[PDB]
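Enquirer:
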Ligand SMILES: CC(C)(C)NC(=O)[C@@H]1CCCCN1C[C@@H](O)[C@@H]1Cc2ccc(cc2)OCCCC(=O)N[C@@H](CC(N)=O)C(=O)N1
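Residue numbers (the deposited numbering), protein chains in the order written: chain A, 1 to 99; chain B, 101 to 199.
Put into structure tokens, the structure is as follows:
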């Protein structure tokens, strides 16, 4: 689909068999999801954003369905203000910026 | 044009008569520019993200050229690690997400 930016590019995603809302974020290198229970092992990690660094749980090869499109990759779980889908997963679904 | 997301979507912009490299960010509601002595009246503001909040100066009606595309709107100047072009200006240049 073609998405305009007059409103936040929020879409429904399915992760861990659970539906959630997430922001298509071209300005994010990684995908960061709000604290939740994901199966499998995780390694501690730190990522930075506008107001500093935060500690997150890194889960690898996690299946994520974005607007019906399949992706399998790294998902960081931590105290983020909103769920964001970053470039690591956006590239998997062939997302591009056009103008 | 069409921009892929293999790398950070960095483009050249022109603000206050200066050329800068900025990030096209669909996840940013506002445009945040690195510290610079821009002329004009401003109002104190606090914006948050991953990381917490940072203090910025809000400047309205600032002419910004993005890849040859003229635009004008609110620009927040503060201690940001990178120049961020948010949705407030992306909509003006007709930018869209496609997948
Ligand atoms: C207006 C304002 C910029 C404050 N909004 C945001 O930061 C909102 C808040 C809610 C969640 C999404 N973010 C936008 C998101 O694109 C932000 C904006 C941004 C901040 C700092 C950056 C680069 C981009 O420097 C490199 C810092 C490394 C980086 O890419 N950080 C990403 C997250 C990540 N590690 O994948 C990020 O926070 N991206």
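Note that beta-carbon positions come from the ideal geometry of N, C-alpha and C, so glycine has one too.
When you measure from the CB of residue 117 of chain B to every non-hydrogen atom of ligand 1, does any distance come out below 6 Å?
Expert: Checking the Cβ of residue 117 of chain B against ligand 1 gives no.
Enquirer: Which residues, in chain order, does the stretch 149–160 of chain B contribute to contact with chain A at a C-beta distance below 7 Å?
Expert: If the cut-off is 7 Å between Cβ atoms, the stretch 149–160 of chain B has 149, 150, 151, 152, 153, 154 near chain A.
Enquirer: Can you pull the DSSP bridge partners for residue 198 of chain B?
Expert: BP columns for residue 198 of chain B point to A:2, A:96.
Enquirer: Do the CB positions of residue 126 of chain B and residue 24 of chain A come within less than 7 Å of each other?
Expert: A contact, by the Cβ cut-off of 7 Å.
Enquirer: Let me confirm a value: residue 168 of chain B is counted as buried when at least 16 other C-beta atoms fall within 10 Å, else exposed. Which label applies?
Expert: Classification of residue 168 of chain B: exposed, given that the 10 Å Cβ count is below 16.
Enquirer: Please compile the residues from chain B whose C-beta is within a distance smaller than 8 Å of the C-beta of residue 94 of chain A.
Expert: In chain order: 199.
Enquirer: For ligand 1, I want to know if residue 202 of chain B counts as a neighbour, meaning its beta carbon is within less than 6 Å of at least one of the ligand's heavy atoms.
Expert: Nothing can be reported for residue 202 of chain B: it is not among the residues displayed for chain B, which extend from 101 to 199.
Enquirer: Considering only residues of the same chain and omitting the five flanking positions on each side of residue 153 of chain B, which have a CB-CB separation below 8 Å?
Expert: Hits under 8 Å: 146, 147.
Enquirer: Give the residues of chain B in contact with residue 80 of chain A, contact being defined as C-beta atoms less than 8 Å apart.
Expert: By Cβ distance, chain B contributes 150.
Enquirer: My guess is that residue 2 of chain A and residue 191 of chain B are in contact by the Cβ rule of under 8 Å, so how many angstroms apart are they, rounded?
Expert: So it is not a contact: roughly 14 Å between Cβ atoms.
Enquirer: Of all the alpha helix (DSSP H) runs that stay within the bounds of the stretch 166–196 of chain B, which reach a length of 4 or more residues?
Expert: As far as the stretch 166–196 of chain B is concerned, its whole alpha helix (DSSP H) runs of at least 4 residues are 187–190.
Enquirer: Find out if the Cβ-Cβ distance for the pair residue 188 of chain B, residue 173 of chain B is shorter than 7 Å.
Expert: Yes, these two residues count as a Cβ contact at 7 Å.
Enquirer: Chain B partners of residue 75 of chain A, CB-CB under 9 Å?
Expert: Correct list: empty, because the minimum Cβ distance to chain B is about 15 Å.
Enquirer: Which residues in chain B sit within 9 Å of residue 38 of chain A, going by Cβ to Cβ distance?
Expert: Per Cβ cutoff of 9 Å: no residues; residue 38 of chain A is ~19 Å from chain B at best.
Enquirer: Should residue 60 of chain A be counted as a contact of ligand 1 given a C-beta to heavy atom distance under 6 Å?
Expert: No; taking the cut-off as 6 Å, the Cβ of residue 60 of chain A has no heavy atom of ligand 1 nearer than that.
Enquirer: Using the three-state DSSP reduction, which class does residue 100 of chain A fall into: helix, strand or coil?
Expert: This structure gives no information on residue 100 of chain A, because the portion of chain A shown stretches from 1 to 99.
Enquirer: Return the CA-CA distance between residue 162 of chain B and residue 18 of chain A, expressed in angstroms with no decimal places.
Expert: Taking the straight line from one Cα to the other gives about 43 Å.
Enquirer: Does the distance from the C-beta atom of residue 65 of chain A to that of residue 14 of chain A stay below 7 Å?
Expert: Going by C-beta atoms, residue 65 of chain A is nearer than 7 Å to residue 14 of chain A.
Enquirer: From this set, A:98, A:99, A:80, which residue's C-alpha is nearest residue 31 of chain A's C-alpha?
Expert: Closest option to residue 31 of chain A, Cα to Cα, is A:80.
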